[PDB]
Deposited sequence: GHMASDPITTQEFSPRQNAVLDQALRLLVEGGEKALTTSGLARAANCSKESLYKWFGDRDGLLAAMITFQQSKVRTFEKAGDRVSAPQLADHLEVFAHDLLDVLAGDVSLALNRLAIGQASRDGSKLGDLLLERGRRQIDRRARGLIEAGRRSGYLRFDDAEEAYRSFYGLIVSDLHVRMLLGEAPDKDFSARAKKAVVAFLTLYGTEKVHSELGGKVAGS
């Protein structure tokens, strides 16, 4: 997107964080962003295209290592992840998609399951593969290793925050999760080097 297209998506996000779903309309967006209803329609298409673009916009903001670098990158990842999940945009997008879901989900729900954490997940994959390549980590399947790491870092905190609980010291948490993750997937080489 352009810097101006970017400005508009930022308005759309802000509308949703501030005034919920009621506020997120084409007209409210046209008014908030001082953009013709008409340009919104050609830039993003329908309501679904806008929601999609909003999610990719919010994505925009997201070889070999030593053992200390690995541990440290992994800790930075976990801290950044928690910061994202605790953030008001992420909480608002997920609350909207979840709040409106039935047994059958919702369209916004589809979009977040598809693209809502793409750049985070890619960063995790990259880091975990480098760790494996450098002989520091051993696992049969990178998806499974990442599933474990995510669970260790987050546990039930995302749901709890979605329900209105004020977050947990993310730095301490990121530390603890990386120690557990290296116990499960860490190689003799990573432990003897650290």
| query | finding |
| --- | --- |
| Unmodelled ranges, which are counted on the deposited sequence from position 1 and given in order | 1-12, 75-81, 188, 215-221 |
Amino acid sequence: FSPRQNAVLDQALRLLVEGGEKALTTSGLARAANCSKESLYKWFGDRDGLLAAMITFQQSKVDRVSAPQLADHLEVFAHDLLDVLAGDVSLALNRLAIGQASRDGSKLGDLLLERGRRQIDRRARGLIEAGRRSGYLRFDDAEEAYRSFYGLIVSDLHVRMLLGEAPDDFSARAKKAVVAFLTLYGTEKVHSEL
From here on, numbers count along this sequence of modelled residues.
item	value
Between 116-124 and 96-104 (mean CA B-factor, as deposited), the higher	96-104
Mean C-alpha B-factor comparison - 149-157 and 48-56, higher one	48-56
Of the residues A130, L162, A142, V62, the one carrying the largest Cα B-factor as recorded	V62
Assigned third (lowest, middle, highest) for the C-alpha B factor of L24	highest
Assigned third (lowest, middle, highest) for the C-alpha B factor of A172	lowest
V178, C-alpha B-factor rank within chain (lowest, middle or highest third)	lowest
Modelled-residue ranking by C-alpha temperature factor, third containing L184	lowest
